[PDB]
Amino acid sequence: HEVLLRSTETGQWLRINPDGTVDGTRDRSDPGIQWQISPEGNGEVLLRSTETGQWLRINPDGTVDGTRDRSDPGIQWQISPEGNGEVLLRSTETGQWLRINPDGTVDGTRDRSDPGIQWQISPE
């Protein structure tokens, strides 16, 4: 039950790379864009890469990458639907929203109005 996470603004997909970097791509065939959601309970989820097995992580320095440490505090996310399949993903640890920028970089922000925090989630 894989899902794709897609930018509403640009249509770019959230991708993880073999080196652990996380960014955006327009290549629908990239194997790094398939994710699996697992419940943590209490409204939290993990997002795990089908390709690499790494979980999506946000770090104290604001960077977003992947990790295989299931105990890392930065891998818990909260999906907040806004209606019509639009969602925000908020980090339990930092309080930031996951942001994909038009240039394909992925980081965090507290700006509710940033167009890059708007995500769609669709089955692959």
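Numbers for residues come from their place in the sequence shown, where the first is 1.
- Remark: of 41, 66, 32, 74, 41 shows the highest value [criterion: C-alpha B-factor in the PDB entry].
- Per-chain ranking of the deposited C-alpha B factor places residue 105 in the lowest third.
- When the CA B factors of the chain's modelled residues are split into thirds, the value for residue 10 lands in the middle one.
- Annotation for residue 90: C-alpha temperature factor in the middle third relative to the rest of the modelled chain, per the entry.
- When all modelled residues of the chain are sorted by CA temperature factor, residue 48 is found within the middle third.
- Residue-level temperature factors show residue 114 in the middle third of its chain, judged at the C-alpha atom.
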